[PDB]
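Student: Okay, here's the structure, questions in a sec.
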There are 2 protein chains.
Amino acid sequence: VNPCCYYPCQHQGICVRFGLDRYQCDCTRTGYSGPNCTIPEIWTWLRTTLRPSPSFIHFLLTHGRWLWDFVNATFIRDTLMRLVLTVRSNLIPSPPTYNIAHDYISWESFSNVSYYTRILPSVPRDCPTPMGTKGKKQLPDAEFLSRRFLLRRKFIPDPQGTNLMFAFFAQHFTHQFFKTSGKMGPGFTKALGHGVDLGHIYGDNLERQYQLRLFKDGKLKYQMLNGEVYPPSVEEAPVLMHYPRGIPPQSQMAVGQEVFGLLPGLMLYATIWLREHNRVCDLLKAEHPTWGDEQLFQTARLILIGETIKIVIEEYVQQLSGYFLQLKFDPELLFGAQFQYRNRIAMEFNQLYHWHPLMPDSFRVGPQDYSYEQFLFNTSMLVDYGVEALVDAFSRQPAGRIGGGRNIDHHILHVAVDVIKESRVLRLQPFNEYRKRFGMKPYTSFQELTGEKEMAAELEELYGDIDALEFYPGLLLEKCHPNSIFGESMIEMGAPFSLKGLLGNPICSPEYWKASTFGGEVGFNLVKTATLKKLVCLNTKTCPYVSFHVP
Amino acid sequence: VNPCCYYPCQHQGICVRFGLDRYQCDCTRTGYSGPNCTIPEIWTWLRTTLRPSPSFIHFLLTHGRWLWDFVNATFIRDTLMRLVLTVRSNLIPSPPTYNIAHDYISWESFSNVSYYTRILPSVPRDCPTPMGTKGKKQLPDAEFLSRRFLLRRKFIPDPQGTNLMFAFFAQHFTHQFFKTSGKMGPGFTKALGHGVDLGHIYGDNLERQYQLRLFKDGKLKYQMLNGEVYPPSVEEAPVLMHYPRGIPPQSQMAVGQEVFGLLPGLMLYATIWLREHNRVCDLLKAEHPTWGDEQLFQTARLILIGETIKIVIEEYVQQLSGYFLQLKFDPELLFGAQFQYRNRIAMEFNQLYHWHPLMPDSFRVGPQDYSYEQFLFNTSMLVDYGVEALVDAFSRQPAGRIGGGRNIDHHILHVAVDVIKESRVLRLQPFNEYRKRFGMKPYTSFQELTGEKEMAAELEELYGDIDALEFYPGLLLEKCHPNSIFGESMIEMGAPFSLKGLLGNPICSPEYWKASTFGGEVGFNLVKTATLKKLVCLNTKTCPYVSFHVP
Ligand code: HEM
Ligand code: HEM
Ligand SMILES: *[C@@H]1O[C@H](CO)[C@@H](O[C@@H]2O[C@H](CO)[C@@H](O)[C@H](O)[C@H]2NC(C)=O)[C@H](O)[C@H]1NC(C)=O
Ligand SMILES: *[C@@H]1O[C@H](CO)[C@@H](O[C@@H]2O[C@H](CO)[C@@H](O)[C@H](O)[C@H]2NC(C)=O)[C@H](O)[C@H]1NC(C)=O
Ligand SMILES: COc1ccc2c(c1)c(CC(=O)O)c(C)n2C(=O)c1ccc(I)cc1
Ligand SMILES: COc1ccc2c(c1)c(CC(=O)O)c(C)n2C(=O)c1ccc(I)cc1
Ligand SMILES: *[C@@H]1O[C@H](CO)[C@@H](O)[C@H](O)[C@H]1NC(C)=O
Ligand SMILES: *[C@@H]1O[C@H](CO)[C@@H](O)[C@H](O)[C@H]1NC(C)=O
Ligand SMILES: *[C@@H]1O[C@H](CO)[C@@H](O)[C@H](O)[C@H]1NC(C)=O
Ligand SMILES: *[C@@H]1O[C@H](CO)[C@@H](O)[C@H](O)[C@H]1NC(C)=O
C-alpha cells in the first residue's frame with residue numbers, strides 16, 4: 001500500500017516515494033529531523049511548548065475592552081498587527097506548490113494560472129480508503145449528510161451582530177477570486193489574477209473590460225434610471241451575463257462578474273462600486289487635465305483596489321474576528337519583513353469560504369418581507385428601491401451564524417451537497433490533517449469537534465473515524481467559540497489564506513506603495529481613508545444606516 | 001512643453017504631471033528630498049560619497065589572482081557573492097512597473113504578461129526632440145550610423161578568450177526569454193515565463209510541449225541518425241518551425257524554439273539538452289519505479305532548470321566578467337535577504353543583450369572553413385559532423401570583442417539597424433539617463449564615452465548632444481575595460497537585469513529549494529554539480545575539448 005497514504009511525514013515534511021515499497025520524508029527547513037520529521041530542534045521545541053492555544057488567544061482579543069483601548073492608542077497597535085501579518089502569512093506557501101494535477105512542485109503548476117493551488121497534496125488514488133488509511137471504504141452520502149447536519153431547522157442568527165450588508169459584501173468580494181471554470185471542471189478558475197484585482201467590477205479579461213468602458217474620462221459606462229446611476233444594459237455594453245432565458249438584454253445590467261445579475265444584494269454592491277469608480281475619475285481629471293482615458297482609468301482602478309483592501313481589512317475583518325484590537329491596514333508594517341508580494345487562490349480556500357449559512361429565511365425590506373422566490377432573479381428590486389433603501393435594509397437584518405450545524409436554508413442547501421462532492425473529486429485530505437497543517441491539534445473524537453453527544457454519535461457511525469472526517473463538514477460542524485460566528489479551524493485556516501491574499505497584492509509592495517501610483521496625495525488618501533460609510537454615502541442622495549453590524 | 005521632458009526628478013523619483021504646466025516628483029523612498037529628489041539623507045550621502053567606482057572595482061576583481069585564491073577558499077566567497085546578489089538586484093524593480101503602453105504603474109501592466117516591461121518610462125511623445133529636450137529634431141539615420149560605427153572592418157577577437165561555444169550558448173539561452181511577437185509588434189513577447197523556464201527546450205505552450213513529448217518515461221521524443229540521438233523530425237512531432245520554404249518536414253528537426261533550425265550552433269545545443277533531459281529521466285525512473293510520465297517529465301525539467309541556472313552562473317557568467325572571484329550559485333545566500341522570487345523581461349534588457357558582434361567572419365570546423373552562406377540554414381552539418389566535432393570546433397574558435405565599435409559582420413549588420421529603429425519605436429530614453437538609473441555618472445562628451453577623438457567627433461555632429469546619444473549605440477560604442485569583452489554600462493546594466501533574472505526563478509526560493517523538489521538527493525546533486533563538461537560529455541561517445549574559453 002502506498003506508504004504515503006499513512007501521511008507519514010509530520011510538520012510539512014514531504015512524503016516522496018522510492019522504490020516499490022519505500023518512502024522518504026523531506027523535512028527540509030521544517031524545524032524537525034528524523035524519518036518522519038518528528039524530532040524538533042531546541043528552538044522549535046521552545047517555540048511550540050510555549051504557544052498558547054488559538055483558543056487562549058481568541059479569549060484575550062475578545063476581552064478587556066479597556067486594556068485594549070489603551071493598547072489601541074499606543075504604538076503597540078502596529079506592533080501586534082505586524083506580528084499577526086507576518087506570522088499568519090507564513091502558513092501559506094509562495095511561490096505556490098501543488099494543484100489538482102500535480103502533487104509535487106513543477107514548472108507547470110507554478111506557471112499554469114488556470115489551476116487553483118492547494119496546500120496539501122491529494123489523498124493518493126491508490127489508498128485503501130477515500131481518506132487514506134482510516135474510515136470506511138464508502139463515504140457518507142453527501143445529500144444525507146447535508147440534510148442531517150446542515151439543513152437549517154430553526155434560524156440561528158449570528159451572535160456577533162453580522163447583517164446581510166456584510167453577507168452580501170462577502171459574497172461580492174469573494175466572487176472576484178473564486179470563479180470555478182465549469183467548462184474545465186473543479187480545480188480550474190477563470191479568475192486568473194487570484195486575488196483582489198477588482199475583476200468582478202472591470203471584467204476577467206481585456207475584451208470585457210473594453211465593453212464595460214466608457215472610453216471617456218476614465219469612466220465606466222452606465223445608465224440613468226429614476227435620475228440615478230446604474231450599471232449599463234447588456235444592450236449598451238454587449239457583455240456576457242448569466243440571466244435566465246426569457247430576459248431581454250434591455251433588462252439585464254452588464255457588470256463584469258456574469259453571475260452578479262441573480263441577486264439584488266450583488267447588483268447593489270456592483271452599483272456602489274461603479275458609482276465610486278466614476279467619482280474618482282472626476283477627482284483625478286480635475287487634478288490632471290493632461291491625462292487621458294487610460295491613465296484616468298488605470299489610476300482609478302488602483303485607487304479602488306486600495307479602497308477595497310482597506311475596508312475589507314479594517315471593517316470587514318474586524319467584524320468577523322470580534323477582536324478589540326484595531327486591525328490596521330498599513331502596507332509598511334511589512335516593509336522590514338521577508339514577504340512575497342504574490343498570491344494564488346487555493347482550492348481549500350474556495351471551500352472554507354463557502355459560507356452559505358449566512359443567508360436568512362426571507363429578505364426584509366421595510367414592512368415588505370420578500371421570499372427567496374421573489375428575491376433571486378429580481379431584475380426590478382434595485383431600481384425600484386434604490387441603493388439607500390436596500391443598504392439600510394440589509395444593514396438592519398441579521399445574518400445567521402456560520403459555524404455550529406443545521407443552519408443552511410433549504411433553498412440553497414444543494415450548494416453544500418455539491419461542495420462535499422467536489423471535495424471528493426479534488427480528493428482533499430481529511431479535516432484532521434488540515435488541523436495539523438495549520439498548527440492545531442487534531443480532534444480525538446467527534447464529541448470534541450462538535451461540543452456535544454447527539455450529532456457526534458451519528459457522525460461517528462457515519463464516518464467511522466474522526467481521522468476520516470472530511471474538510472468542509474469538519475469546518476461547519478465544529479463548535480463555535482463563545483458568542484462567535486464560527487470556530488477555531490475556520491479562523492486558524494481562514495485568516496492565513498485570507499491575509500496573505502491581501503497583503504500580497506502588488507500594490508502593497510514598497511515598489512507600488514507611493515503617492516504617485518495613485519495620481520498623487522488625493523488618490524493616495526482616498527486609499528488611506530476608505531470607509532464603508534464613505535463608500536456608500538458619497539455615492540447616494542441620502543446616507544442610510546450603513547454598517548457590517550446590525551444596529 | 002511637457003515638464004517631464006526635462007527629466008526633472010533625480011534618483012528614481014517619479015515625474016507626475018499636474019495641471020497644464022506643473023509637475024511633481026515622487027521621491028518616495030529614494031533617499032532624497034526636494035522638488036527634484038536631489039537633497040540626500042545623511043546616510044545616502046555617505047553611502048554614495050564612499051562608493052568606489054565600478055571601474056575601481058572591476059580592477060580589483062580582475063587582479064591579485066593570489067589574494068583571490070585565498071579569499072575563494074575562505075568563507076568570504078559566499079559573503080561577497082551574497083552582497084553582489086543583493087546589491088546588484090536592487091537595481092531592478094519587482095513587482096515590474098511600466099510597459100510599452102503604460103508609463104505608470106497599473107494593474108494591466110502588472111498582469112498582462114505579453115508585454116516586456118521597462119525600467120524607465122518612454123520619452124513623452126510631446127517633447128521638443130526625440131530624446132526629450134536635447135539633440136536634434138531628427139535622429140541619425142540608423143542604416144548610416146550602423147555602417148559608420150558598427151560595421152566590422154577588421155575582425156577584433158575578444159581579448160578574454162571567449163569562443164563560439166560561449167557565443168552559441170548565449171544565443172540559445174537568451175532566446176528562451178527574448179521572443180518578440182512579430183504579430184503584436186515591439187514591446188510584446190511570446191515568452192510568457194519571462195525567464196529561465198527552459199521553454200526553448202519544451203515549447204512556449206502546452207500544445208507544443210505535448211507534441212514534443214514521448215509520453216513515455218518522462219522522455220522527450222527524438223530520432224536516431226548514425227546511431228546517434230537527435231531531435232525528432234517535424235513529421236514525428238508536427239510542431240511549427242521556421243525553415244525556409246522548400247525544406248520538407250522530414251528534414252526539419254522539431255525543437256521548441258521555432259527559430260532554432262537556422263544555425264547548427266543552435267541546433268547543437270538543442271541536441272545536447274534533449275539528450276540530457278532523457279538521460280535524467282532514466283536516473284529518475286530507476287529511483288522511483290512508481291512514478292508516471294508526468295512526474296518523471298516535470299521533475300526532469302526542474303533538474304534541467306537547475307542545471308542551466310548553475311552553468312549559466314558559474315561558468316557562463318564567470319567567463320564574461322573575467323573576475324577571479326568564484327561566483328557561487330547557491331540559492332541559500334539569499335534566504336536571509338528580502339528578495340522577490342519573481343521576474344519580468346525588460347525591453348532594455350532585450351536590447352542590451354543583442355550581442356551580434358560576437359559572430360566571426362567564417363565558421364571553422366577543422367580544416368574546413370565554412371561561410372555564412374554555407375552555415376546559415378544548413379540542415380545537414382550537425383548530423384554530418386555530430387555533437388563532439390562541432391563542440392570541439394566552437395570551443396576552439398575565438399569570438400569577436402563585443403564592445404568598442406566596428407566589429408559586427410556585414411552579414412548580420414541589418415539586425416543592428418533594426419535594433420536602433422525599434423529602440424525609437426519603443427521611445428527609449430537617452431543612454432545618459434540609463435547611466436544614471438544604474439548608478440553611474442553620465443558622460444560629459446563623446447570623447448569620454450569612446451576612448452578617442454575620431455569617432456567621438458563625428459558622433460558629436462550626428463547626435464548634437466551627448467545627452468541625446470541613444471541606448472544601444474551608447475552601449476556598443478563606449479570604451480572597453482582594459483582587456484575586456486565590453487565596458488562599464490554593459491556590465492552595470494547587464495548584471496542587474498541578469499542576476500535578478502536568475503536568482504528570481506521560483507526554484508531558488510526556500511519553498512522549492514528542497515531535495516524533494518528534484519526527486520531526491522540524486523536530482524538535487526545533478527543540479528548542485530551541473531557543469532559544461534558533464535553536460536556535453538555525459539551525452540557524447542567521446543569527450544572533446546569543451547569550454548567557454550578558447551584553449
Ligand atoms: C442568495 C444566497 C446565495 C446563493 C443563491 C448562493 C449560491 C451559490 C452556488 C449555486 C454556488 C456554486 C456551486 C454549485 O451549486 O454548483 C455558490 C458558490 C459560491 N458561493 Fe454562494 N450563494 C449565496 C450566498 C453566498 C454568500 C453569502 C457567500 C459567502 C461569501 C457565498 C460564497 C460562495 C463561494 C465561495 C462559492 C464558490 C465560488 C466558485 O466556485 O467560483 N455565496 N453559491
Ligand atoms: C549567425 C549569427 C546570428 C544571427 C544569424 C542572428 C540574427 C538575429 C536576428 C535576425 C534578430 C532579430 C531582429 C531582426 O533582424 O528583425 C536577432 C535577434 C536576437 N539575437 Fe541574434 N543573431 C546571431 C547571433 C546571436 C547571438 C550570438 C546573440 C547573442 C545572445 C544573439 C542575440 C540576439 C537577441 C537578444 C535577439 C533579440 C531576440 C528577440 O527579439 O526575440 N543573436 N538575431
Ligand atoms: C493549463 O492547464 C490546463 C490543464 O492541463 C490546460 O488545459 C488542457 O490543455 C490540453 C492541451 O491544450 C487539452 O487537451 C485539455 O482539453 C485542456 N483543457 C482542460 C480543461 O484540461 C491548459 O491549456 C493550460 N493552460 C496554459 C495557458 O498552459
Ligand atoms: C495584453 O495586452 C495586449 C495589448 O493591449 C492585448 O492585445 C490587444 O487586445 C485588444 C483587445 O483584445 C485588441 O484589439 C488588440 O488587437 C490586441 N492585440 C494587440 C497586439 O494589441 C492582449 O489581449 C492582452 N492580453 C491579455 C491576456 O490581457
Ligand atoms: C488582523 O489580521 C487578520 C485579517 C483577517 C482575519 C484575521 C486577522 C482573523 C483572525 C486573526 O487572524 O487574528 C480572521 C478571522 N480573519 C479573516 O478575515 C478571515 C478570513 C477567512 C475566513 I474562512 C475567516 C476569517
Ligand atoms: C556574481 O554575479 C554576477 C552574475 C552575472 C553577471 C555578473 C555578476 C557580472 C558582473 C558583476 O555583477 O560582478 C556580469 C558581467 N554578469 C553577467 O552575466 C552579465 C549579464 C548581462 C550582460 I548585457 C552582461 C553581463
Ligand atoms: C514513521 O511513520 C510510520 C507511519 O506512521 C511509522 O510506522 C514509523 O514507526 C515512523 N517511524 C518513526 C521513527 O516514527
Ligand atoms: C421583484 O421585487 C419587487 C419589489 O421591488 C416585487 O414587487 C416584485 O414582485 C418582485 N418580482 C418577483 C418576480 O418576485
Ligand atoms: C528642478 O528641476 C528643474 C528642471 O531641471 C529645474 O528648472 C529646477 O530649478 C529644479 N529645482 C531645483 C530646486 O533643483
Ligand atoms: C552544409 O554543411 C556541409 C558540411 O557538413 C557542407 O558540405 C554542405 O555543402 C553545406 N550545405 C550548404 C548548402 O552550404
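Letters A, B, ... mark the chains of the C-alpha cells in the order given; residue numbers begin at 1 per chain; ligand numbers begin at 1, in order shown.
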Could you list, as a PyMOL selection string, all residues that come within 7 Å of ligand 1? Count only C-alpha atoms and all ligand atoms.
Tutor: chain A and resi 167-168+170-172+174-175+178-180+263+350-351+353-356+358-359+376+412+414-415+418-419
Student: Output the selection as a PDB file, in the first residue's frame - C-alpha atoms for each residue.
Tutor:
```
ATOM      1  CA  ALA A 167     -23.130  38.888   3.946  1.00  0.00           C
ATOM      2  CA  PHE A 168     -23.590  40.380   0.533  1.00  0.00           C
ATOM      3  CA  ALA A 170     -18.586  38.838   1.478  1.00  0.00           C
ATOM      4  CA  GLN A 171     -20.397  37.285  -1.399  1.00  0.00           C
ATOM      5  CA  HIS A 172     -19.445  40.038  -3.815  1.00  0.00           C
ATOM      6  CA  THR A 174     -15.160  36.559  -2.866  1.00  0.00           C
ATOM      7  CA  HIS A 175     -16.542  36.048  -6.340  1.00  0.00           C
ATOM      8  CA  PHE A 178     -13.442  32.402  -6.636  1.00  0.00           C
ATOM      9  CA  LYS A 179     -14.659  31.655 -10.128  1.00  0.00           C
ATOM     10  CA  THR A 180     -14.534  27.988 -10.986  1.00  0.00           C
ATOM     11  CA  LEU A 263     -29.421  38.738  -6.600  1.00  0.00           C
ATOM     12  CA  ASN A 350     -12.672  28.195  -2.056  1.00  0.00           C
ATOM     13  CA  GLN A 351     -14.224  25.569   0.162  1.00  0.00           C
ATOM     14  CA  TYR A 353     -15.064  30.241   2.379  1.00  0.00           C
ATOM     15  CA  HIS A 354     -18.415  28.665   1.144  1.00  0.00           C
ATOM     16  CA  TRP A 355     -20.440  30.334   3.947  1.00  0.00           C
ATOM     17  CA  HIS A 356     -23.939  29.683   2.728  1.00  0.00           C
ATOM     18  CA  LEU A 358     -25.228  33.297   6.399  1.00  0.00           C
ATOM     19  CA  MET A 359     -28.350  33.771   4.117  1.00  0.00           C
ATOM     20  CA  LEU A 376     -33.477  35.532  -6.626  1.00  0.00           C
ATOM     21  CA  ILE A 412     -29.529  26.736  -1.207  1.00  0.00           C
ATOM     22  CA  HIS A 414     -27.881  21.915  -2.662  1.00  0.00           C
ATOM     23  CA  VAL A 415     -24.758  24.032  -2.833  1.00  0.00           C
ATOM     24  CA  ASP A 418     -22.097  19.957  -4.289  1.00  0.00           C
ATOM     25  CA  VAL A 419     -19.253  21.285  -2.105  1.00  0.00           C
TER      26      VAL A 419
END
```
Student: Residues within 6 Å of range 307-313 of chain B, please, as a ChimeraX atom specification. Count only C-alpha atoms; anything in the same chain fewer than 6 positions from it doesn't count.
Tutor: /B:329,527,530-531
Student: Could those residues be written to a file, using N, CA, C and O atoms, as a PDB file, in the first residue's frame?
Tutor:
```
ATOM      1  N   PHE B 329      26.844  29.632  -7.091  1.00  0.00           N
ATOM      2  CA  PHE B 329      25.404  29.601  -7.264  1.00  0.00           C
ATOM      3  C   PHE B 329      24.885  28.871  -6.070  1.00  0.00           C
ATOM      4  O   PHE B 329      25.054  27.664  -5.946  1.00  0.00           O
ATOM      5  N   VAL B 527      21.605  18.983  -9.999  1.00  0.00           N
ATOM      6  CA  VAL B 527      21.569  20.430 -10.017  1.00  0.00           C
ATOM      7  C   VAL B 527      22.814  20.972  -9.373  1.00  0.00           C
ATOM      8  O   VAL B 527      23.612  21.603 -10.032  1.00  0.00           O
ATOM      9  N   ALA B 530      26.042  20.528 -11.640  1.00  0.00           N
ATOM     10  CA  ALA B 530      25.975  20.693 -13.090  1.00  0.00           C
ATOM     11  C   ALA B 530      27.250  21.337 -13.570  1.00  0.00           C
ATOM     12  O   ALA B 530      27.868  22.142 -12.851  1.00  0.00           O
ATOM     13  N   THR B 531      27.621  21.012 -14.806  1.00  0.00           N
ATOM     14  CA  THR B 531      28.844  21.535 -15.389  1.00  0.00           C
ATOM     15  C   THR B 531      28.882  21.423 -16.897  1.00  0.00           C
ATOM     16  O   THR B 531      28.429  20.424 -17.441  1.00  0.00           O
TER      17      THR B 531
END
```
Student: Using only C-alpha atoms and all ligand atoms, find each residue with an atom at most 9 Å away from ligand 8 and format the answer as an MDAnalysis selection string.
Tutor: chainID A and resid 365 368 370:385
Student: Generate a file of the selected residues that holds C-alpha atoms, formatted as a PDB file, in the first residue's frame.
Tutor:
```
ATOM      1  CA  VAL A 365     -37.019  45.391   3.053  1.00  0.00           C
ATOM      2  CA  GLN A 368     -42.023  44.158   2.994  1.00  0.00           C
ATOM      3  CA  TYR A 370     -39.623  39.017   0.328  1.00  0.00           C
ATOM      4  CA  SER A 371     -39.213  35.319  -0.248  1.00  0.00           C
ATOM      5  CA  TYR A 372     -36.280  33.644  -1.997  1.00  0.00           C
ATOM      6  CA  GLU A 373     -38.587  33.135  -4.935  1.00  0.00           C
ATOM      7  CA  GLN A 374     -39.203  36.893  -5.004  1.00  0.00           C
ATOM      8  CA  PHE A 375     -35.532  37.898  -4.410  1.00  0.00           C
ATOM      9  CA  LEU A 376     -33.477  35.532  -6.626  1.00  0.00           C
ATOM     10  CA  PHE A 377     -33.700  36.799 -10.224  1.00  0.00           C
ATOM     11  CA  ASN A 378     -35.398  40.062  -9.459  1.00  0.00           C
ATOM     12  CA  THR A 379     -34.372  42.377 -12.208  1.00  0.00           C
ATOM     13  CA  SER A 380     -36.510  45.213 -10.717  1.00  0.00           C
ATOM     14  CA  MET A 381     -36.000  45.380  -6.945  1.00  0.00           C
ATOM     15  CA  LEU A 382     -32.854  47.524  -7.092  1.00  0.00           C
ATOM     16  CA  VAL A 383     -34.052  50.205  -9.454  1.00  0.00           C
ATOM     17  CA  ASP A 384     -37.411  50.150  -7.609  1.00  0.00           C
ATOM     18  CA  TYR A 385     -35.994  50.690  -4.114  1.00  0.00           C
TER      19      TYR A 385
END
```
Student: With distances taken over only C-alpha atoms and all ligand atoms, which residue among B:129, B:457, B:520, B:364 lies nearest ligand 10?
Tutor: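 Ranking B:129, B:457, B:520, B:364 by distance to ligand 10, first place goes to B:364.
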Student: Find the nearest atom pair between each residue of chain B and chain A for residues within 7 Å, count only C-alpha atoms, give distances in Å to one decimal, sort rows by chain and ascending number, and present the table as a Markdown table.
Tutor:
```
| residue | atom | partner | partner_atom | distance |
| --- | --- | --- | --- | --- |
| B:14 | CA | A:516 | CA | 6.9 |
| B:16 | CA | A:516 | CA | 6.6 |
| B:17 | CA | A:288 | CA | 6.8 |
| B:18 | CA | A:288 | CA | 5.0 |
| B:19 | CA | A:288 | CA | 5.3 |
| B:20 | CA | A:290 | CA | 6.1 |
| B:26 | CA | A:516 | CA | 5.9 |
| B:28 | CA | A:514 | CA | 6.2 |
| B:93 | CA | A:511 | CA | 6.9 |
| B:94 | CA | A:511 | CA | 6.7 |
| B:95 | CA | A:506 | CA | 6.4 |
| B:105 | CA | A:517 | CA | 5.9 |
| B:106 | CA | A:298 | CA | 5.7 |
| B:107 | CA | A:302 | CA | 7.0 |
| B:287 | CA | A:19 | CA | 6.1 |
| B:288 | CA | A:18 | CA | 5.0 |
| B:289 | CA | A:19 | CA | 5.7 |
| B:290 | CA | A:20 | CA | 6.1 |
| B:298 | CA | A:106 | CA | 5.7 |
| B:299 | CA | A:106 | CA | 6.9 |
| B:302 | CA | A:106 | CA | 6.9 |
| B:338 | CA | A:338 | CA | 5.0 |
| B:340 | CA | A:340 | CA | 5.8 |
| B:506 | CA | A:95 | CA | 6.4 |
| B:511 | CA | A:94 | CA | 6.7 |
| B:514 | CA | A:28 | CA | 6.2 |
| B:516 | CA | A:26 | CA | 5.9 |
| B:517 | CA | A:105 | CA | 5.9 |
```
Student: Write the residues you've just listed into a file as a JSON list (two decimals), in the first residue's frame, and include C-alpha atoms for each of them.
Tutor:
```json
[["chain", "number", "residue", "atom", "x", "y", "z"],
["B", 14, "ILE", "CA", 8.63, 59.77, -10.28],
["B", 16, "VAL", "CA", 3.92, 63.06, -12.17],
["B", 17, "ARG", "CA", 2.27, 65.77, -14.20],
["B", 18, "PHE", "CA", -0.25, 68.20, -12.63],
["B", 19, "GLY", "CA", -2.43, 70.86, -14.13],
["B", 20, "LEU", "CA", -1.49, 72.04, -17.59],
["B", 26, "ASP", "CA", 7.53, 61.42, -6.19],
["B", 28, "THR", "CA", 9.23, 58.14, -2.07],
["B", 93, "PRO", "CA", 12.04, 46.69, -9.61],
["B", 94, "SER", "CA", 9.61, 43.97, -8.56],
["B", 95, "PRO", "CA", 6.90, 43.75, -8.99],
["B", 105, "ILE", "CA", 2.10, 51.59, -12.57],
["B", 106, "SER", "CA", -1.13, 49.79, -13.44],
["B", 107, "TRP", "CA", -2.96, 46.56, -12.87],
["B", 287, "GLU", "CA", 14.87, 5.67, -8.31],
["B", 288, "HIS", "CA", 11.09, 5.92, -8.50],
["B", 289, "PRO", "CA", 9.66, 2.90, -10.35],
["B", 290, "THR", "CA", 6.30, 4.03, -9.06],
["B", 298, "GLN", "CA", 8.05, 17.52, -14.63],
["B", 299, "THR", "CA", 10.85, 16.54, -12.26],
["B", 302, "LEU", "CA", 13.13, 21.13, -12.80],
["B", 338, "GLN", "CA", 14.45, 40.43, 1.39],
["B", 340, "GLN", "CA", 11.12, 38.67, -4.55],
["B", 506, "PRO", "CA", 10.78, 30.15, -8.29],
["B", 511, "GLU", "CA", 9.86, 26.89, -0.78],
["B", 514, "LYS", "CA", 14.46, 21.17, -1.33],
["B", 516, "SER", "CA", 12.27, 16.53, -2.72],
["B", 517, "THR", "CA", 11.55, 19.07, -5.49]]
```
Student: Using only C-alpha atoms and all ligand atoms, which residues of the polymer chains come no farther than 12 Å from ligand 9? I'd like the answer as an MDAnalysis selection string.
Tutor: chainID B and resid 1:10 13 15 22:25 32:39 133
Student: Give the residues close to ligand 6, within 6 Å, counting only C-alpha atoms and all ligand atoms; write them as a ChimeraX atom specification.
Tutor: /B:81,84,317,320-321,327,352-353,490-491,494-495,498-499
